[PDB]
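The numbering used here puts the first residue of the sequence shown at 29, with every later residue one more than the last.
The beta-carbon is built from N, C-alpha and C at its ideal position, and this holds for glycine as well.
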Amino acid sequence: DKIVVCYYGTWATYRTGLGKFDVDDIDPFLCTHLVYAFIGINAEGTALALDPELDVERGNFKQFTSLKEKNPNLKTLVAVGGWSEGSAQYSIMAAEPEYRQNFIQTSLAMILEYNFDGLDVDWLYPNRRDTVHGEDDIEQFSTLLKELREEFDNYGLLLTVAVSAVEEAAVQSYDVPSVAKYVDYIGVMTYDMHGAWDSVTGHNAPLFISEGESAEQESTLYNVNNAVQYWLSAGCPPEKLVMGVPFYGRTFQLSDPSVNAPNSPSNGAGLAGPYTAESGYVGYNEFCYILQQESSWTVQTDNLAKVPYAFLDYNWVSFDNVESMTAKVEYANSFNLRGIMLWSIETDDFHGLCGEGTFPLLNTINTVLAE
Ligand SMILES: CC(=O)N[C@@H]1[C@@H](O)[C@H](O[C@@H]2O[C@H](CO)[C@@H](O[C@@H]3O[C@H](CO)[C@@H](O[C@@H]4O[C@H](CO)[C@@H](O[C@@H]5O[C@H](CO)[C@@H](O)[C@H](O)[C@H]5NC(C)=O)[C@H](O)[C@H]4NC(C)=O)[C@H](O)[C@H]3NC(C)=O)[C@H](O)[C@H]2NC(C)=O)[C@@H](CO)O[C@H]1O
Numbered sequence: 029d030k031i032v033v034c035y036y037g038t039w040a041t042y043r044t045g046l047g048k049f050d051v052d053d054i055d056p057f058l059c060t061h062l063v064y065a066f067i068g069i070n071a072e073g074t075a076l077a078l079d080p081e082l083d084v085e086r087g088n089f090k091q092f093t094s095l096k097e098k099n100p101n102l103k104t105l106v107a108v109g110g111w112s113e114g115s116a117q118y119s120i121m122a123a124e125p126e127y128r129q130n131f132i133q134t135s136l137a138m139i140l141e142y143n144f145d146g147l148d149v150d151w152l153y154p155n156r157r158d159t160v161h162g163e164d165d166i167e168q169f170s171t172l173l174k175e176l177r178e179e180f181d182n183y184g185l186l187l188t189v190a191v192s193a194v195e196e197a198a199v200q201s202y203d204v205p206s207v208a209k210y211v212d213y214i215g216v217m218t219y220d221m222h223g224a225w226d227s228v229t230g231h232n233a234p235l236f237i238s239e240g241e242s243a244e245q246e247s248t249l250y251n252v253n254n255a256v257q258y259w260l261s262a263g264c265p266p267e268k269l270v271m272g273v274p275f276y277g278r279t280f281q282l283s284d285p286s287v288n289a290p291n292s293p294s295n296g297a298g299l300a301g302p303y304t305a306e307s308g309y310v311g312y313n314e315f316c317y318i319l320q321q322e323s324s325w326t327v328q329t330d331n332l333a334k335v336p337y338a339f340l341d342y343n344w345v346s347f348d349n350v351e352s353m354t355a356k357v358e359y360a361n362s363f364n365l366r367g368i369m370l371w372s373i374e375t376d377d378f379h380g381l382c383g384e385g386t387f388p389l390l391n392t393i394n395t396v397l398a399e
């Protein structure tokens with residue numbers, strides 16, 4: 029059965045006005061799996077709420093899982109880790125049997141108290157960033173998943189992971205067959221392919237080769253097709269591969285506004301959105317409205333990569349719209365993938381300000397998957 033894995037960045041409740049996105053803004057019938065991001069750990073592996081005022085005191089954990097009262101078939105998971113949590117503590121925790129056991133027991137306790145149906149492990153990433161034990165992380169990550177699976181089978185809980193996409197990244201972190209063996213599915217983060225950290229403009233989630241890229245050694249390029257075909261060939265069965273898609277774009281400052289193709293020189297991060305409020309990225313809800321309200325933007329489609337981009341003076345923006353989302357889900361259908369994972373629900377056009385219905389990206393996913 030095809031699944032739709034909706035990540036919910038819970039900090040979105042602090043956004044103002046039309047950017048505010050609470051648990052009550054979720055449509056629980058547009059997802060099959062809803063993921064509460066994020067919880068974290070300390071250096072001894074103790075699972076902990078990162079925002080206890082919201083998660084615990086104001087009952088956000090329980091409000092989230094209570095969505096099952098509306099859609100009884102919905103699964104609600106909690107996600108541990110993420111970008112801001114780093115890699116060091118997960119490396120330290122994974123390497124010690126005492127710390128693994130403490131992570132298993134304290135995360136299980138939180139999952140059961142607050143009525144979650146499972147755990148999404150988003151360690152970014154084994155043997156990367158500020159990892160402590162380096163290459164040992166790869167095997168110890170799989171040992172952690174095995175001990176988690178052994179504990180979770182006593183309660184019927186789901187165990188899932190979010191992982192880096194392209195081969196150059198994945199080989200640093202995972203033994204693919206061992207990971208796929210223990211999880212219910214693998215959510216491949218097939219986005220952030222390029223971004224403001226690069227010296228040239230590039231697409232956030234290009235499906236295939238992009239304009240300005242060399243067709244020589246195509247398999248080393250950062251795109252969704254390369255990533256998905258890597259993970260399938262490395263040993264992830266299609267029925268455990270969930271393909272990530274972004275509900276946001278990434279923004280660049282052009283070095284020269286007249287050189288505005290993909291793979292043009294860039295000077296760092298571009299505009300920020302009104303609610304996400306970070307230079308270098310913009311929610312789809314924010315940018316479809318920005319495009320709507322300022323006709324000076326030039327929107328083009330990269331017909332090689334199957335994704336749109338837009339420029340105005342010094343701004344250059346890669347993003348995904350209904351057409352590129354359709355292309356992505358059709359691609360996933362065409363390789364019999366298990367489903368779609370989206371980051372993240374709170375930057376869909378949930379108010380429908382952009383003339384394509386409420387939740388146009390999420391509704392597109394549901395519609396193209398259903399067919
Ligand atoms: C091909 C290749 O390998 N390219 C890499 C590229 O991947 C690297 O970029 C990083 O990619 C990873 C995925 O592999 C990104 O991590 C994913 O994707 C989500 C969206 O990118 C990411 O969301 C971020 O989560 C942060 C928390 O961890 C959010 O911080 C929050 O900011 C809020 C204000 O906006 C604030 O209120 C919150 O308190 C704060 N949260 C916390 C707990 O502090 C951040 O806003 C959010 N970004 C969004 C929404 O756009 C997730 O963490 C993670 N998801 C999952 C499921 O794991 C990672 O974000 C990318 N890095 C950066 C810097 O963007 C790149 C590194 O430079 O290198 C390329 O080579």
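Within the same chain, Cβ atoms closer than 6 Å to the Cβ of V204 are found at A262, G263 and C264, the five residues on either side in sequence being excluded. The residues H61 and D145, in chain order, have a CB closer than 6 Å to that of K103 in the same chain once the five nearest residues on each side in sequence are set aside.
Relative to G272, the option among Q245, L365 and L185 whose CA is nearest is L365.
Excluding the 5 residues flanking it on each side, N70 has same chain C-beta neighbours closer than 8 Å at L76 and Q117, in chain order. Exposed is the label assigned to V327, since fewer than 16 other Cβ atoms lie within 10 Å of its Cβ. CA-to-CA, the gap between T329 and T279 works out to about 16 Å. For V252, the enclosing alpha helix (DSSP H) has its first and last residue at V252 to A262. Checking the 7 Å criterion, the Cβ of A116 is out of range of every heavy atom belonging to ligand 1.
Contact check for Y303 against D377 fails: the beta carbons are separated by 8 Å or more. Relative to the non-hydrogen atoms of ligand 1, the Cβ of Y342 never comes closer than 7 Å to any of them. Annotation: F169 to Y202 spans about 8 Å, alpha carbon to alpha carbon. Per DSSP, the continuous beta strand (DSSP E) segment holding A107 begins and ends at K103 to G109. In this structure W111 is exposed. Its beta-carbon is surrounded by fewer than 16 other beta-carbon atoms within 10 angstroms. Relative to the non-hydrogen atoms of ligand 1, the Cβ of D220 comes within a distance shorter than 7 Å of at least one.
When DSSP states are grouped into helix, strand and coil, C316 belongs to the helix group. In the DSSP assignment, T159 falls outside any beta strand (DSSP E) and carries neither an H nor an E. Out of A224, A208 and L381, the CA that lies nearest to the CA of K268 is found in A208. For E163, the CB contacts under 8 Å within the same chain, skipping 5 residues up- and downstream, are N155 in chain order.
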